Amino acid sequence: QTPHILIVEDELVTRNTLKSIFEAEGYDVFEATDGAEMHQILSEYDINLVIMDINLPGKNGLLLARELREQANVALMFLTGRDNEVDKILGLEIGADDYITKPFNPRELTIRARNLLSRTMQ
């Protein structure tokens, strides 16, 4: 099953990085700039994993993740370029499977996605 990942990230640079990282794993990558685009994609395509920025114009990413979790149990990892404990624990608490801070090893990211996808993609 070709894993499908959705990246919710408004910064073009960060989003292109992430996207090329996962295309290199053989994933199909979908992109979203905000919460409307996120729900649009989640409605119309199969999505096995969401990577979301906590920090995000419009509705914040914690809130988007809360909403996501009310509707779906899809695998979810948060991103932050701010190491900040409260945001880390909150995001885990609302049900993110992982929390990754800048700067990250791409390898850590794709191995964590692979292990998580191995458990959730049934």
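The first residue of the sequence shown is number 1, and the count goes up from there.
A.B. asks: Of 50-58 and 27-35, which one has the bigger average CA B-factor?
C.D. replies: Result: 50-58.
A.B. asks: Compare the mean C-alpha B-factor of 95-103 with that of 109-117 as given in the PDB entry, and name the stretch with the higher value.
C.D. replies: The stretch with the larger average C-alpha B-factor is 95-103.
A.B. asks: Tell me which of 41, 77, 68, 89 tops the list for C-alpha B factor in the record.
C.D. replies: Answer, based on the entry's C-alpha B-factors: 68.
A.B. asks: Can you tell me which third, lowest, middle or highest, the CA B-factor of residue 12 falls into for its chain?
C.D. replies: Answer is highest: the recorded C-alpha B-factor places it there.
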